[PDB]
file structure.cif (mmCIF, C-alpha atoms)
data_input
#
loop_
_atom_site.label_atom_id
_atom_site.label_comp_id
_atom_site.auth_asym_id
_atom_site.auth_seq_id
_atom_site.Cartn_x
_atom_site.Cartn_y
_atom_site.Cartn_z
CA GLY A 846 10.42 24.73 -55.42
CA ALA A 847 13.70 25.73 -53.81
CA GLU A 848 15.22 23.70 -50.99
CA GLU A 849 15.51 25.73 -47.79
CA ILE A 850 17.87 25.37 -44.83
CA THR A 851 15.90 26.05 -41.64
CA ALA A 852 15.21 24.75 -38.15
CA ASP A 853 11.53 24.01 -38.92
CA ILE A 854 11.96 20.31 -39.68
CA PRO A 855 8.68 18.34 -39.88
CA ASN A 856 8.24 15.17 -37.81
CA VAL A 857 11.27 16.00 -35.63
CA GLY A 858 11.02 16.84 -31.94
CA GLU A 859 12.81 19.55 -29.99
CA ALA A 860 15.40 17.02 -28.76
CA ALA A 861 17.12 16.91 -32.16
CA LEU A 862 16.90 20.71 -32.55
CA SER A 863 18.92 21.46 -29.40
CA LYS A 864 22.26 21.69 -31.22
CA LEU A 865 20.82 23.72 -34.12
CA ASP A 866 20.70 27.51 -34.25
CA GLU A 867 18.04 29.82 -35.68
CA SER A 868 19.57 29.45 -39.16
CA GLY A 869 19.37 25.65 -38.91
CA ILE A 870 23.12 24.92 -38.71
CA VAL A 871 24.75 23.08 -35.82
CA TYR A 872 26.80 25.08 -33.34
CA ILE A 873 30.60 25.01 -33.35
CA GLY A 874 31.83 22.74 -30.58
CA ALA A 875 28.72 20.57 -30.36
CA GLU A 876 29.34 16.91 -29.56
CA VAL A 877 27.28 14.94 -32.08
CA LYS A 878 26.61 11.22 -32.44
CA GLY A 879 25.13 9.10 -35.21
CA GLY A 880 21.78 10.32 -36.51
CA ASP A 881 22.13 13.84 -35.09
CA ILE A 882 21.00 16.66 -37.36
CA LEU A 883 23.81 19.02 -38.37
CA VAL A 884 22.10 21.07 -41.11
CA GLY A 885 18.31 21.13 -41.24
CA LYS A 886 17.08 21.06 -44.83
CA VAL A 887 13.52 20.74 -46.14
CA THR A 888 12.67 20.08 -49.79
CA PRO A 889 9.27 20.77 -51.36
CA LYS A 890 7.43 17.56 -52.20
CA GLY A 891 4.66 16.85 -54.67
CA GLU A 892 1.23 15.46 -53.95
CA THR A 893 1.50 12.00 -52.39
CA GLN A 894 -1.26 9.42 -52.65
CA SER B 4 52.40 -27.06 14.85
CA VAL B 5 51.46 -28.21 11.35
CA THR B 6 47.77 -27.28 11.15
CA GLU B 7 48.36 -23.78 12.60
CA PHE B 8 50.07 -21.13 10.47
CA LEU B 9 51.94 -17.94 11.35
CA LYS B 10 49.91 -14.83 10.56
CA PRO B 11 51.96 -12.14 8.77
CA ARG B 12 52.19 -8.65 10.22
CA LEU B 13 52.98 -5.26 8.72
CA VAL B 14 56.37 -4.20 10.07
CA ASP B 15 57.84 -1.35 7.99
CA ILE B 16 57.00 1.44 5.55
CA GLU B 17 60.05 2.91 3.82
CA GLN B 18 59.02 6.13 2.05
CA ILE B 19 61.81 6.57 -0.48
CA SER B 20 59.92 9.45 -2.11
CA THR B 21 56.41 10.87 -2.32
CA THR B 22 55.70 8.52 -5.25
CA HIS B 23 57.71 5.46 -4.14
CA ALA B 24 57.45 3.30 -1.04
CA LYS B 25 58.31 -0.13 0.36
CA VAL B 26 56.11 -2.16 2.71
CA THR B 27 57.36 -5.24 4.57
CA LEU B 28 55.13 -8.14 5.63
CA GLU B 29 56.62 -10.65 8.07
CA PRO B 30 56.52 -13.53 8.94
CA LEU B 31 55.25 -15.60 6.00
CA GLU B 32 55.44 -19.37 5.69
CA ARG B 33 56.76 -21.32 2.71
CA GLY B 34 54.92 -20.59 -0.52
CA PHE B 35 52.55 -18.14 1.15
CA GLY B 36 54.80 -15.18 0.35
CA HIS B 37 54.52 -15.69 -3.40
CA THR B 38 50.76 -16.28 -3.24
CA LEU B 39 50.09 -13.17 -1.16
CA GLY B 40 52.48 -11.09 -3.26
CA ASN B 41 50.86 -12.03 -6.55
CA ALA B 42 47.34 -11.59 -5.17
CA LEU B 43 48.16 -8.17 -3.72
CA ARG B 44 49.91 -7.08 -6.92
CA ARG B 45 46.92 -8.06 -9.04
CA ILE B 46 44.42 -6.38 -6.70
CA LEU B 47 46.51 -3.22 -6.24
CA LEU B 48 47.20 -2.75 -9.96
CA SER B 49 43.56 -3.06 -10.99
CA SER B 50 41.00 -2.37 -8.26
CA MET B 51 42.03 0.51 -6.07
CA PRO B 52 40.17 3.83 -5.78
CA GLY B 53 41.42 7.31 -6.54
CA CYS B 54 40.56 10.82 -7.69
CA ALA B 55 40.92 12.03 -11.27
CA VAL B 56 40.01 15.01 -13.43
CA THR B 57 36.80 14.36 -15.35
CA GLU B 58 35.52 17.70 -16.70
CA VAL B 59 37.30 20.94 -17.60
CA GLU B 60 35.74 24.31 -18.44
CA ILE B 61 38.06 26.93 -19.97
CA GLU B 62 36.71 30.41 -20.63
CA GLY B 63 36.57 31.27 -24.32
CA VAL B 64 37.06 27.65 -25.43
CA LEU B 65 34.34 25.74 -27.29
CA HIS B 66 36.18 22.50 -28.08
CA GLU B 67 39.53 20.82 -27.49
CA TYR B 68 40.58 21.20 -31.14
CA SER B 69 41.21 24.93 -30.80
CA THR B 70 43.81 27.40 -29.56
CA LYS B 71 43.79 30.21 -27.01
CA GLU B 72 45.66 33.47 -27.60
CA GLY B 73 48.82 33.75 -25.53
CA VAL B 74 48.98 30.02 -24.70
CA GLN B 75 51.67 27.98 -26.44
CA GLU B 76 49.89 24.66 -25.88
CA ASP B 77 46.65 23.67 -27.56
CA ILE B 78 43.62 22.80 -25.45
CA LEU B 79 44.10 19.08 -26.17
CA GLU B 80 47.64 19.24 -24.78
CA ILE B 81 46.34 21.11 -21.72
CA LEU B 82 43.78 18.35 -21.12
CA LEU B 83 46.48 15.70 -21.54
CA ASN B 84 48.62 17.53 -18.97
CA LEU B 85 45.64 17.76 -16.61
CA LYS B 86 45.24 13.98 -16.91
CA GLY B 87 48.48 13.70 -14.92
CA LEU B 88 47.21 15.80 -12.02
CA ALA B 89 47.52 14.05 -8.64
CA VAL B 90 44.60 15.18 -6.46
CA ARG B 91 43.72 13.87 -3.00
CA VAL B 92 40.11 14.46 -1.95
CA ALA B 93 39.02 14.34 1.68
CA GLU B 94 36.69 11.49 2.58
CA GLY B 95 32.96 11.99 2.20
CA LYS B 96 33.25 14.00 -1.04
CA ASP B 97 33.03 12.31 -4.45
CA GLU B 98 32.85 15.55 -6.46
CA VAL B 99 35.03 18.66 -6.13
CA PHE B 100 35.50 21.79 -8.24
CA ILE B 101 38.90 23.51 -8.31
CA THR B 102 39.72 26.70 -10.20
CA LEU B 103 42.91 27.79 -11.97
CA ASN B 104 43.30 31.50 -12.71
CA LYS B 105 46.52 33.00 -14.02
CA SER B 106 47.76 36.05 -15.91
CA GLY B 107 51.26 36.92 -17.07
CA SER B 108 54.11 35.19 -18.85
CA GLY B 109 55.35 31.94 -17.35
CA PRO B 110 54.53 28.28 -16.86
CA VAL B 111 51.21 27.50 -15.18
CA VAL B 112 51.73 24.77 -12.59
CA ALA B 113 49.52 22.71 -10.27
CA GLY B 114 50.44 24.85 -7.27
CA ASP B 115 48.40 27.70 -8.77
CA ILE B 116 45.06 25.89 -8.35
CA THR B 117 42.68 27.32 -5.76
CA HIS B 118 41.02 24.65 -3.61
CA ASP B 119 38.62 24.89 -0.67
CA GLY B 120 40.87 22.98 1.74
CA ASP B 121 39.26 19.59 1.05
CA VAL B 122 41.59 18.99 -1.93
CA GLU B 123 45.36 18.48 -1.73
CA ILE B 124 47.68 18.74 -4.73
CA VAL B 125 50.51 16.22 -4.45
CA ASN B 126 52.65 17.50 -7.38
CA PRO B 127 52.55 21.32 -7.40
CA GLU B 128 55.41 21.39 -9.92
CA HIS B 129 53.36 19.63 -12.62
CA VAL B 130 53.21 21.83 -15.72
CA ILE B 131 49.78 22.32 -17.30
CA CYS B 132 50.46 25.03 -19.91
CA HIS B 133 52.75 27.93 -20.78
CA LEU B 134 51.66 31.57 -21.05
CA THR B 135 53.86 33.35 -23.60
CA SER B 136 52.51 36.91 -23.26
CA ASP B 137 52.15 39.46 -20.48
CA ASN B 138 48.54 40.07 -21.57
CA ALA B 139 47.79 36.34 -21.72
CA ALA B 140 45.27 35.06 -19.18
CA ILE B 141 43.75 31.65 -18.48
CA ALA B 142 40.71 30.80 -16.35
CA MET B 143 39.70 27.15 -15.99
CA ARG B 144 37.19 25.23 -13.88
CA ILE B 145 38.35 21.65 -13.25
CA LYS B 146 36.12 18.88 -11.91
CA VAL B 147 37.69 16.13 -9.79
CA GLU B 148 35.78 12.88 -9.28
CA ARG B 149 36.38 9.84 -7.08
CA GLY B 150 36.35 6.54 -8.91
CA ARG B 151 37.99 3.21 -9.64
CA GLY B 152 39.63 1.97 -12.82
CA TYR B 153 39.63 3.60 -16.27
CA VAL B 154 36.45 5.35 -17.42
CA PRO B 155 36.83 6.95 -20.87
CA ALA B 156 34.73 9.91 -21.93
CA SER B 157 32.75 7.81 -24.42
CA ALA B 158 31.83 5.17 -21.83
CA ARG B 159 30.19 7.78 -19.58
CA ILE B 160 26.41 7.55 -19.80
CA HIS B 161 24.70 10.57 -21.35
CA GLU B 166 22.13 18.09 -21.30
CA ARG B 167 25.74 19.23 -21.69
CA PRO B 168 26.54 22.90 -22.41
CA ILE B 169 29.04 23.65 -25.15
CA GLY B 170 32.40 24.39 -23.55
CA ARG B 171 32.45 21.58 -21.00
CA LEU B 172 35.33 19.35 -22.14
CA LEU B 173 35.28 15.71 -21.07
CA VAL B 174 38.62 14.22 -20.04
CA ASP B 175 39.46 10.52 -19.89
CA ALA B 176 39.99 9.61 -16.24
CA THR B 177 42.46 7.03 -14.91
CA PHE B 178 41.37 6.82 -11.28
CA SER B 179 43.91 4.16 -10.28
CA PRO B 180 46.75 5.84 -8.34
CA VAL B 181 49.05 2.79 -8.39
CA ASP B 182 51.47 2.77 -11.33
CA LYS B 183 54.04 0.05 -10.59
CA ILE B 184 54.12 -2.84 -8.10
CA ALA B 185 57.10 -5.14 -7.57
CA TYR B 186 57.26 -7.83 -4.89
CA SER B 187 60.38 -9.61 -3.63
CA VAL B 188 60.27 -12.52 -1.20
CA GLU B 189 63.42 -12.92 0.91
CA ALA B 190 64.65 -14.82 3.96
CA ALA B 191 63.57 -13.60 7.40
CA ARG B 192 65.28 -14.28 10.74
CA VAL B 193 62.58 -15.18 13.29
CA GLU B 194 63.32 -16.92 16.61
CA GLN B 195 65.17 -20.12 15.70
CA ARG B 196 63.36 -21.33 12.56
CA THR B 197 64.69 -20.84 9.03
CA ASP B 198 61.46 -21.55 7.11
CA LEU B 199 59.66 -18.24 7.74
CA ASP B 200 59.90 -15.80 4.87
CA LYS B 201 59.41 -12.07 4.30
CA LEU B 202 57.54 -10.11 1.62
CA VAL B 203 58.69 -6.68 0.39
CA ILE B 204 56.25 -4.76 -1.81
CA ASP B 205 57.58 -1.77 -3.75
CA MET B 206 54.80 0.61 -4.77
CA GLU B 207 55.27 3.43 -7.30
CA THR B 208 52.18 5.65 -7.25
CA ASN B 209 51.16 9.27 -7.82
CA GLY B 210 51.39 10.06 -4.09
CA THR B 211 47.61 10.24 -3.60
CA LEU B 212 47.27 6.93 -1.76
CA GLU B 213 49.22 5.85 1.32
CA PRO B 214 51.04 2.49 1.23
CA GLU B 215 49.67 0.92 4.41
CA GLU B 216 46.09 1.93 3.65
CA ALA B 217 46.42 0.60 0.09
CA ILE B 218 47.63 -2.75 1.44
CA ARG B 219 44.68 -2.83 3.84
CA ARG B 220 42.15 -2.18 1.07
CA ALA B 221 43.77 -4.88 -1.07
CA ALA B 222 43.55 -7.37 1.81
CA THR B 223 39.93 -6.36 2.47
CA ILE B 224 39.02 -6.97 -1.18
CA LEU B 225 40.80 -10.34 -1.17
CA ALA B 226 39.05 -11.51 2.01
CA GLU B 227 35.65 -10.23 0.84
CA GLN B 228 35.90 -12.18 -2.42
CA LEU B 229 37.23 -15.22 -0.53
CA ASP B 230 34.16 -15.20 1.73
CA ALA B 231 32.22 -16.90 -1.09
CA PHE B 232 34.61 -19.87 -0.99
CA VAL B 233 34.66 -19.87 2.83
CA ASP B 234 30.87 -20.34 2.74
CA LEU B 235 30.66 -22.60 -0.31
CA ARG B 236 27.08 -23.67 -1.04
CA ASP B 237 24.65 -23.91 -3.93
CA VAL B 238 23.32 -20.42 -4.64
CA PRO C 1044 24.22 25.63 -61.86
CA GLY C 1045 21.05 24.99 -59.90
CA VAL C 1046 22.84 25.12 -56.53
CA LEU C 1047 21.62 27.73 -54.04
CA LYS C 1048 23.61 27.13 -50.86
CA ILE C 1049 26.32 24.75 -49.62
CA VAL C 1050 26.94 24.14 -45.92
CA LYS C 1051 30.07 22.19 -44.98
CA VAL C 1052 30.50 20.77 -41.47
CA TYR C 1053 33.85 19.51 -40.16
CA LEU C 1054 33.82 16.74 -37.54
CA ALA C 1055 36.83 15.78 -35.41
CA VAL C 1056 36.77 12.14 -34.27
CA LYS C 1057 39.21 10.75 -31.71
CA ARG C 1058 39.86 7.11 -32.63
CA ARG C 1059 41.55 5.01 -29.94
CA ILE C 1060 43.35 1.72 -30.46
CA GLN C 1061 41.11 -1.35 -30.31
CA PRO C 1062 41.11 -5.00 -31.45
CA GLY C 1063 41.09 -5.22 -35.22
CA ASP C 1064 43.38 -2.24 -35.81
CA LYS C 1065 46.46 -2.86 -37.94
CA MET C 1066 49.77 -2.05 -36.26
CA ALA C 1067 53.22 -2.61 -37.71
CA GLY C 1068 56.91 -1.84 -37.42
CA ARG C 1069 59.48 -0.82 -40.01
CA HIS C 1070 60.69 -4.35 -40.85
CA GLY C 1071 57.54 -5.68 -42.54
CA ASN C 1072 56.10 -7.27 -39.38
CA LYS C 1073 52.47 -6.17 -39.59
CA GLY C 1074 49.68 -7.45 -37.40
CA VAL C 1075 46.17 -7.02 -36.06
CA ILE C 1076 45.56 -6.36 -32.38
CA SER C 1077 43.75 -9.32 -30.81
CA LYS C 1078 43.27 -8.37 -27.15
CA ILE C 1079 43.61 -5.32 -24.91
CA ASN C 1080 44.97 -7.15 -21.88
CA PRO C 1081 44.98 -5.63 -18.38
CA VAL C 1082 48.25 -4.36 -16.96
CA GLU C 1083 48.20 -7.00 -14.20
CA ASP C 1084 48.17 -9.80 -16.81
CA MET C 1085 51.25 -8.58 -18.69
CA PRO C 1086 54.67 -10.14 -18.14
CA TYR C 1087 56.86 -8.04 -15.86
CA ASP C 1088 60.56 -7.97 -15.03
CA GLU C 1089 62.26 -8.13 -11.63
CA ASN C 1090 61.68 -4.38 -11.17
CA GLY C 1091 57.93 -4.77 -11.73
CA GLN C 1092 57.78 -2.98 -15.09
CA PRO C 1093 55.17 -4.64 -17.33
#

call {"tool": "encode", "arguments": {"input": "structure.cif", "output": "C-alpha cells"}}
result
Amino acid sequence: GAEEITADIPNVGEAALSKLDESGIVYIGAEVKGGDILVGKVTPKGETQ
Amino acid sequence: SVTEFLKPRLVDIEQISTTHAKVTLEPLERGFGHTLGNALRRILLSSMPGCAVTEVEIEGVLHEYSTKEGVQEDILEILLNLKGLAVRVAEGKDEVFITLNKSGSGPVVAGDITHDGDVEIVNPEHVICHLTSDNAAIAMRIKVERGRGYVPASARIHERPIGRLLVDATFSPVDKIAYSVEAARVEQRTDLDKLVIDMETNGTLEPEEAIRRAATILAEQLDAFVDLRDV
Amino acid sequence: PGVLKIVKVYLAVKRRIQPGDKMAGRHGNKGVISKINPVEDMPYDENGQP
C-alpha cells in the first residue's frame, strides 16, 4: 500500500500525541526530547505469523 | 585571658553604590580574620538566596529562535537581557508575575514593568529591547521565582503550553567578594585585627543581612562538629 | 520516483560548555575541559576578581 502520515498511530498513547496536530506533524515551537514523535507515519504491513 | 577570645562585632556599612558596599567586622584576633573572611567569601559566593526570572511569555512568540515585527532584538537576546533583571520580592512570596506592556519607538527598560507592590526593580535603567517603529508593540508576562544557586532550564523537572519560554536562572545576587584584613586600634593591645568585606551585588540583597545569613549557615553546619558523635 | 510526501522538521539545540568539549586559542594550544569548578574555588586577585 501507500504510507500515510496521520495521528492514528497504533500502540501509542495520547501522551505522545500531545505535540502532534490533526495532520500528524509536530507543532512549531514544541519542546521535544529523545523518543518524541515529530511526524506520525504508518506503513501497511503484510500478514505476520 | 588566653582561653577566652574577643567576639567580633559589625561596626560599619559603607554603601558606595546600590551594587557595591563595604562591611567592617571588629575586633578579630590573630588568624581569625583570615579564617572568617575566607569562610564568609565561600558561603556568600555560593549559597545565598535571591530572585530571578524563570519563565517569560511574549504575545505572538512561539519559540526563542524567532523575531517580532518592530523589535530590533531577537527573542533570545530579549531573554538574555531579562536574565540580568534585578528583582526584589517581599518575604512570604516565592512566585510573582510581572507584566511589561509598551508601544511606540524607543528603548524598553526595566522601569516600564508593572508590579503589584510586592516586587521592587533595583535597576530601572536596564535595557531589555528596542522598539524601532511607532506601530511596534510588545506585551510580555515575566515570572520571578525565589531560589538559590544556578538552575538551568534543562535541570528543571518536567504540561507546558507552547509560547512559555524557559530562562536559565542565576538566583545568587552576590557577584564579587573581596576581603582585606587590616590593623585595628582597640584599647591598648596591638594584636586585635579588623576585617573589611567588599561586596559587589545586583542590589537585591542588603550587606548586613547577607553577612547574617552567611554566619547562620556557617554556625548551622558547624553544629555537627560541636556535637560530634557516631550517627 | 515512488515518493509521495516528504516532511522536514528543523530542531534548534542549545549546547552549553561541559567537560569533554574541545576549546583552543589561536596559537595551537588546544585542550579538553576537565572540570567546571565553582566560582569560589577559582584563584582571585587582591580586588576579588576570580

call {"tool": "interface_residues", "arguments": {"input": "structure.cif", "of": "chain B", "to": "chain A", "cutoff": "9 Å", "atoms": "only C-alpha atoms", "output": "ChimeraX atom specification"}}
result
/B:64-68,167-170

call {"tool": "write_last_selection", "arguments": {"input": "structure.cif", "atoms": "C-alpha atoms", "output": "tab-separated table (two decimals), in the frame of the given file"}}
result
chain	number	residue	atom	x	y	z
B	64	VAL	CA	37.06	27.65	-25.43
B	65	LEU	CA	34.34	25.74	-27.29
B	66	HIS	CA	36.18	22.50	-28.08
B	67	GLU	CA	39.53	20.82	-27.49
B	68	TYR	CA	40.58	21.20	-31.14
B	167	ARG	CA	25.74	19.23	-21.69
B	168	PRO	CA	26.54	22.90	-22.41
B	169	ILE	CA	29.04	23.65	-25.15
B	170	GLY	CA	32.40	24.39	-23.55

call {"tool": "resolve_selection", "arguments": {"input": "structure.cif", "expression": "the PyMOL selection byres ((chain C) within 12 of (chain A))", "output": "ChimeraX atom specification"}}
result
/C:1045-1057

call {"tool": "residues_around", "arguments": {"input": "structure.cif", "residues": "stretch 124-127 of chain B", "least_positions_apart": "2", "cutoff": "9 Å", "atoms": "only C-alpha atoms", "output": "PDB file with C-alpha atoms, keeping the file's coordinate frame"}}
result
ATOM      1  CA  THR B  21      56.410  10.870  -2.320  1.00  0.00           C
ATOM      2  CA  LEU B  88      47.210  15.800 -12.020  1.00  0.00           C
ATOM      3  CA  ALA B  89      47.520  14.050  -8.640  1.00  0.00           C
ATOM      4  CA  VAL B  90      44.600  15.180  -6.460  1.00  0.00           C
ATOM      5  CA  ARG B  91      43.720  13.870  -3.000  1.00  0.00           C
ATOM      6  CA  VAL B 112      51.730  24.770 -12.590  1.00  0.00           C
ATOM      7  CA  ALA B 113      49.520  22.710 -10.270  1.00  0.00           C
ATOM      8  CA  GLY B 114      50.440  24.850  -7.270  1.00  0.00           C
ATOM      9  CA  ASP B 115      48.400  27.700  -8.770  1.00  0.00           C
ATOM     10  CA  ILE B 116      45.060  25.890  -8.350  1.00  0.00           C
ATOM     11  CA  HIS B 118      41.020  24.650  -3.610  1.00  0.00           C
ATOM     12  CA  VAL B 122      41.590  18.990  -1.930  1.00  0.00           C
ATOM     13  CA  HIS B 129      53.360  19.630 -12.620  1.00  0.00           C
ATOM     14  CA  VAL B 130      53.210  21.830 -15.720  1.00  0.00           C
ATOM     15  CA  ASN B 209      51.160   9.270  -7.820  1.00  0.00           C
ATOM     16  CA  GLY B 210      51.390  10.060  -4.090  1.00  0.00           C
ATOM     17  CA  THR B 211      47.610  10.240  -3.600  1.00  0.00           C
TER      18      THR B 211
END

call {"tool": "closest_residue", "arguments": {"input": "structure.cif", "among": "B:38, B:27, B:197, B:49", "to": "chain C", "atoms": "all atoms listed in the file"}}
result
B:49

call {"tool": "closest_residue", "arguments": {"input": "structure.cif", "among": "B:45, B:192, B:71, B:151", "to": "chain C", "atoms": "only C-alpha atoms"}}
result
B:45
